[PDB]
Amino acid sequence: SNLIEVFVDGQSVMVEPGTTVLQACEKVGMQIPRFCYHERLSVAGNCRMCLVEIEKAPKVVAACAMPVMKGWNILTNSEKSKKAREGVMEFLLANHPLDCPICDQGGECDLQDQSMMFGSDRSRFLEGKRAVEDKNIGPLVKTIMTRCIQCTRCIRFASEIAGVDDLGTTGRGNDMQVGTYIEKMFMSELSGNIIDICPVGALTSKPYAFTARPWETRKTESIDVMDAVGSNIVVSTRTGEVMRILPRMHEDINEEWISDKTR
Amino acid sequence: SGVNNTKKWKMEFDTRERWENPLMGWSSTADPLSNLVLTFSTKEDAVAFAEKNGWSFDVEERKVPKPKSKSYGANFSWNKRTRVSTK
Amino acid sequence: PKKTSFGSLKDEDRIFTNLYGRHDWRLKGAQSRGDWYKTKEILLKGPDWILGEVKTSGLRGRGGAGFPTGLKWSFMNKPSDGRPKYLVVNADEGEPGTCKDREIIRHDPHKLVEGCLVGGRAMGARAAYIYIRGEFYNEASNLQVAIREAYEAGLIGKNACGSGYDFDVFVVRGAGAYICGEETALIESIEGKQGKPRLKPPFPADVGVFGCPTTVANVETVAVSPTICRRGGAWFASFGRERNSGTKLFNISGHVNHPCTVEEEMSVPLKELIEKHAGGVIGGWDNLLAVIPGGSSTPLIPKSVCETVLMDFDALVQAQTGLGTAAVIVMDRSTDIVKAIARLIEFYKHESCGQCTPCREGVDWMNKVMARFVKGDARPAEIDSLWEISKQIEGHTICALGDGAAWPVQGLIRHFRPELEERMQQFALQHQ
Amino acid sequence: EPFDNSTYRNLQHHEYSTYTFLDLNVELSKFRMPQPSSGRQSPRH
Amino acid sequence: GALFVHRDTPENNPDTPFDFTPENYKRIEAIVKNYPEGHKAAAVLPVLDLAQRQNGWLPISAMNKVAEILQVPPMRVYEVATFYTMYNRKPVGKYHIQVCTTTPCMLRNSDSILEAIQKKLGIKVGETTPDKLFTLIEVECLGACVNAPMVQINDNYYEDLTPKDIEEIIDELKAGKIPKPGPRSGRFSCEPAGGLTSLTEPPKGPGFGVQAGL
Ligand SMILES: Cc1cc2nc3c(=O)[nH]c(=O)nc-3n(C[C@H](O)[C@H](O)[C@H](O)COP(=O)(O)O)c2cc1C
Ligand code: SF4
Ligand code: SF4
Ligand code: SF4
Ligand code: FES
Ligand code: FES
Ligand SMILES: [K+]
């Protein structure tokens with residue numbers, strides 16, 4: 001019908017008008033690297049790791065917020081697109097503290113996985129590193145703001161998903177402290193899901209803290225029974241007991257969110 | 001956020017009794033078949049695998065992501081409430 | 001026909017005839033200069049006239065954008081969509097070297113607000129939202145009295161200049177930033193938000209503020225509009241070369257004897273502006289080591305290249321820099337170019353909003369490594385390393401500040417490369 | 001009336017009170033058109 | 001003071017008695033009317049500006065009070081306060097010295113000016129006098145880079161400013177007398193020091209170059 005035609009690194013595909021570049025990539029199976037966009041959580045466009053070069057481009061387009069139109073060959077594996085990813089990632093990783101052994105995100109961290117696939121293999125940093133003072137917003141989720149990369153995924157999650165305005169990014173320049181500025185607490189009924197949207201170990205579950213590592217956690221599929229919603233969840237079991245509970249992908253029942261009581 | 005796991009089919013079993021070893025607190029298990037999962041590209045071969053050795057058999061349909069109608073101008077609206085409160 | 005000897009701007013040729021505030025800067029002197037006259041007629045003629053006059057005017061982007069405003073003002077000129085159209089004047093002027101609009105806001109605001117209303121007719125807007133800089137408090141009250149004398153006279157407001165037009169003009173005094181200098185972060189400053197550059201598309205044109213169409217323009221670009229639309233755009237376009245059509249309030253500062261924001265004929269070699277109008281520089285042409293051509297973002301130019309080039313957009317572009325806001329800064333041999341942009345790049349780190357990672361992380365990383373460059377704590381391959389990250393944050397940022405930071409250091413790398421090598425040589429030698 | 005060359009006529013910038021910008025701000029409300037309505041008075045409403 | 005987390009101190013606490021004088025409600029209602037209804041969050045900027053011009057700072061109580069009077073969540077108030085420069089969340093010493101330090105100014109040796117009020121006033125950068133008169137901060141360009149190194153004192157700046165000009169500016173300042181703002185030298189607004197070059201002949205009359213009907 002009105003589905004505009006467009007290419008993706010060669011092969012052409014029709015697509016609904018108004019669709020962004022990211023949402024055009026996975027139609028053929030391209031998961032372009034992203035760090036500040038969630039498919040069901042607004043559009044930020046600040047991580048800049050979605051940067052992919054279009055054909056005949058003079059500049060790399062941000063695939064998150066660029067609507068695509070007729071005849072735009074998505075140059076996924078292009079040298080400049082990989083160059084843009086390489087440069088932008090090292091900037092993210094530049095001020096990231098060396099906490100991977102002590103950080104629970106280790107083994108299931110998007111920052112780690114990205115650096116294996118789309119990343120360098122050494123450092124050109126020769127300076128100090130930013131040190132963000134920690135915060136405290138509840139006993140259910142830990143706060144380590146030095147590991148944060150300001151994807152702002154939390155503040156959108158609080159604003160729309162949780163319906164509570166208590167998260168923000170105070171400061172300026174390198175001093176983007178994401179938190180609450182004033183001392184406050186975050187126990188929204190979906191505040192537990194703030195852990196999963198975080199791509200790094202900046203937000204982690206205090207009850208699960210320092211209890212297991214992702215590779216050993218055998219996963220099982222079950223249901224939530226705390227509530228009549230009957231949310232689909234995945235139970236982690238290792239060495240014969242349960243450590244943490246994760247929401248499953250079920251657009252009808254729970255989407256990818258679960259209540260704090262369930263988590 | 002990566003999805004290079006939601007693309008195949010597996011052959012997982014039902015978990016059985018897992019008791020702690022008296023000495024060293026192990027997870028001694030008498031289920032020989034517990035730690036075994038196969039990988040199947042599509043599904044009917046996975047089921048075609050299933051009956052040929054005649055195991056108790058059931059499936060689950062692939063939870064395909066519904067198309068999210070994304071936008072960026074919605075965060076800056078004039079009447080609609082999709083105006084984002086922070087950026 | 002082609003007056004290749006560009007220069008020697010006449011008083012009538014200066015569209016701001018009171019940018020110095022010498023005579024009556026208030027409304028009582030505005031109409032004496034030529035303001036608030038024949039405006040009734042040009043508004044009633046229809047939007048196409050101002051679009052037509054600005055086409056032959058060729059007034060390009062004077063806020064550093066470098067884009068023909070005739071196209072941009074007509075870019076969103078569409079029939080009414082229900083959502084009211086608005087106007088915004090970029091009165092930030094936070095660049096280390098931007099002062100002309102500060103003089104304009106303080107002394108020539110009536111032609112500025114008239115430019116909003118004559119422009120508002122062109123783009124079919126019903127209100128202006130000029131973003132006066134917060135540090136500009138004294139000159140903020142200067143255009144509120146200009147706001148005052150114009151509203152009750154029917155020049156602006158309901159029946160704007162007596163043409164059945166409801167265009168208004170609101171003022172938002174800032175609270176201190178440069179990021180709000182760029183229009184995409186400017187809009188959020190009005191839209192009850194911390195200064196964050198908005199991603200385009202959606203553009204400011206179709207939807208600028210509170211979800212409605214809006215237009216963003218540099219202070220002079222709207223301010224010159226009534227003057228070019230009254231006497232003639234072709235007369236304004238006579239000044240300067242091709243696509244360099246017009247004049248510019250050159251902002252002379254730095255190691256210059258008599259710094260002065262002079263509205264002077266544009267596309268003129270810098271030798272003329274420093275000597276004729278600024279009374280020479282500190283120590284003469286021999287003394288000056290390099291000159292910031294037109295803005296802090298624009299890479300500085302040394303005597304080796306700036307011996308002949310004309311200060312025009314096209315010649316500046318091929319000079320691996322930009323004319324921008326004509327913020328010319330002179331500096332001599334005595335000052336060190338590294339310590340010069342050291343304070344400049346430090347100011348950039350002190351401004352970045354931190355939205356996109358390249359600007360948030362790279363600029364601070366630039367500050368640390370360049371701080372070593374001041375003493376010289378880097379090996380020769382670090383300049384290439386500094387060049388590499390300079391290309392990394394160039395263009396990859398949401399806004400143009402990130403590349404606006406790349407250009408000054410990039411120009412310093414390409415020009416004073418041996419100076420960096422010898423400065424580093426002294427660093428290791430004295431600290432052996 | 002005669003053209004001057006060494007006279008500054010912007011003495012008001014010196015003599016501006018602390019609320020001067022606010023003093024004009026409170027009182028230009030007279031020349032105000034009906035502000036556009038969003039179908040509601042807040043985007044949380 | 002370089003602390004983007006708020007410490008609940010007994011003086012600056014949510015219990016601090018902040019309010020507005022009768023004139024302010026006319027001022028802040030003048031803020032809200034300037035913008036279309038439906039999106040009145042624009043007023044969070046000038047309302048917070050109003051508190052700057054009343055309290056001399058922004059206590060956490062002021063930001064919290066701004067929240068409900070703006071019908072906005074309290075954090076959006078904090079975000080506006082924390083970003084922009086002179087939205088000071090910390091007490092300031094009467095007169096705020098904003099010495100312009102960026103490259104065009106320092107090129108004409110702002111350090112001489114910075115050294116001038118450093119040694120004479122006797123307090124370091126960002127500090128306050130023991131009895132609350134002066135506070136010096138090394139600010140960047142405010143928009144008057146053409147002149148000599150600038151000092152923005154509270155709301156009135158001082159341009160074409162020399163280190164010897166700065167000590168006499170603060171000579172009368174500590175006595176309570178405010179000097180004339182603007183370019184301190186013979187330069188009035190923007191003319192060259194060695195005599196004005198432009199603006200010689202009288203400006204043209206009202207309306208020139210008529211294009212027929214125009
Ligand atoms: C970091 C940055 C700061 C800017 N500051 C200003 C400014 O102070 N004034 C201005 O008019 N334009 C400024 N601009 C340019 C604007 O983004 C925009 O291009 C300009 O307002 C267009 O003006 P015009 O429509 O008159 O050409 C800035 C851009 C950047 C990237
Ligand atoms: S969040 Fe990721 S990169 Fe950071 S310490 Fe944890 S595992 Fe390492
Ligand atoms: S704490 Fe986590 S979710 Fe929040 S902004 Fe930082 S990285 Fe994003
Ligand atoms: S370049 Fe990026 S971080 Fe810097 S001001 Fe622009 S949007 Fe913010
Ligand atoms: S996905 Fe485009 S920046 Fe994060
Ligand atoms: S240089 Fe002093 S104001 Fe910008
Ligand atoms: K996480």
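Turning next to the coordination of the potassium ion (ligand 7). All names here are of chain A. The potassium ion (ligand 7) binds to the protein through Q105 (OE1), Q105 (NE2), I195 (O), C198 (O) and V200 (O); the donor distances cover 2.6 to 3.0 Å. Donor residues for the potassium ion (ligand 7), ordered by position in the chain, follow Q-x89-I-x2-C-x1-V. Among the residues examined, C198 registers a relative accessible area of 9% and is labelled buried.

Here we take up the UniProt feature "binding site: [4Fe-4S] cluster 2" (unreviewed entry) in chain A. All names here are of chain A. UniProt's entry tags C148, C151, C154 and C198 with the feature "binding site: [4Fe-4S] cluster 2" (unreviewed entry), counted in the numbering of this structure. Judged by maximum C-alpha separation, these annotated positions cover 51 residues in sequence but sit close together in space, the widest gap being only 10.7 Å. Note that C151 resides in the loop between strand 6 (141-143) and helix 4 (153-161). Judged by its relative accessible area of 9%, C151 is buried. Contact partners of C151, with chain neighbours within four places excluded, come to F35, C36, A44 and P199. Setting aside residues no more than four positions away along its own chain, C198 makes contact with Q105 and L203.

With that settled, consider the site of ligand 4. Residue and element names in this part refer to chain C. For ligand 4, the set of nearby residues contains 14 residues, the closest of which are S352, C353, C356, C359 and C399. Contributing elements (two or more residues each) for the shell around ligand 4: helix 15 (357-375) and helix 17 (401-415). Residues that form the shell around ligand 4 fall into these classes: 8 nonpolar, 5 polar and 1 charged.

Look at any regular strand and the pattern is simple: side chains alternate between the two faces of the sheet. All names here are of chain C. As defined by bridge partners, strand 2 (residues 125-132) adjoins strand 3 (residues 168-171) across 4 bridges and the pair is classed as parallel. Paired with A128 across the two strands is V169, which belongs to strand 3. Since strand 2 and strand 3 lie parallel, the crossover through helix 7 (residues 137-151) that links them has a hand, and here it is right-handed.

Right, let's get into helix 16 (residues 381-392) of chain C. For helix 16 of chain C, spanning 12 residues, the distance from its first C-alpha to its last is 17 Å, which sits close to the expected 16 Å at 1.5 Å a residue. Residues of helix 16 of chain C that are buried include every one of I383, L386, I389, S390 and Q392 of chain C, and no others. Each element contacted by the buried residues of helix 16 of chain C is listed here: helix 2 (79-94) of chain A together with helix 15, helix 17 and helix 18 (417-430) of chain C.

Residues and elements named next belong to chain C. Where helix 5 (residues 100-107) contacts helix 7, the axes come no closer than 7 Å and their chain directions differ by 45°. With respect to helix 7, the axis of helix 5 lies oblique. Together, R102, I105, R106 and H107 of helix 5 and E139, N142 and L143 of helix 7 make up the contact between the two elements. A per-class count over the contact of helix 5 with helix 7 returns 2 nonpolar, 2 polar and 3 charged.

To continue, consider the interface of chain D and chain C. Listed per partner, the contact involves 24 residues of chain D and 28 residues of chain C. For the chain D and chain C pair, buried surface summed over both sides reaches about 2300 Å², with 55% attributable to carbon and sulfur atoms. Together, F21, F31 and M33 of chain D form the three largest contributors to the area buried by chain D at its contact with chain C, with a combined 30%. The interface formed by chain D and chain C holds 1 salt bridge in total. Scanning the region where chain D abuts chain C turns up 17 residue pairs in polar contact. A breakdown of the residues in the side of chain D that touches chain C according to their chemical character gives 10 nonpolar, 10 polar and 4 charged.

What counts, and at which threshold
- Residues numbered from 1 in each chain as written, not as in the entry; some residues may be left out.
- Chains lettered and ligands numbered in written order.
- Part of a larger assembly, values for the part shown.
- Heavy atoms only, no water.
- Donors = N, O, S within 2.8 Å, 3.2 Å for Na, K, Ca; no water.
- Buried < 20%, exposed > 50% of the residue type's maximum accessible area, 1.4 Å probe, protein only.
- UniProt positions renumbered as here; feature names shortened; annotations may be inferred.
- Helix = DSSP H or I, 4+ residues; strand = E, 2+ residues; numbered from the N terminus.
- Contact = heavy atoms within 4.5 Å.
- Near = heavy atom within 4 Å.
- Nonpolar A, V, L, I, M, F, W, Y, C, P; charged D, E, K, R; others polar.
- Pairing = 2+ DSSP bridges.
- Right-handed = clockwise from strand over helix to strand, strands pointing away.
- Expected span 1.5 Å × (residues − 1).
- Axes fitted to C-alpha atoms, helices over the stretch in contact; angles between N-to-C directions.
- Parallel < 35°, antiparallel > 145°, perpendicular 65-115°, else oblique.
- Buried area = accessible area lost by both parts, 1.4 Å probe.
- Salt bridge = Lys/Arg side-chain N within 4 Å of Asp/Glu carboxyl O.
- Polar contact = N/O pair within 3.5 Å; in protein donor to acceptor, adjacent residues only side chain to side chain.

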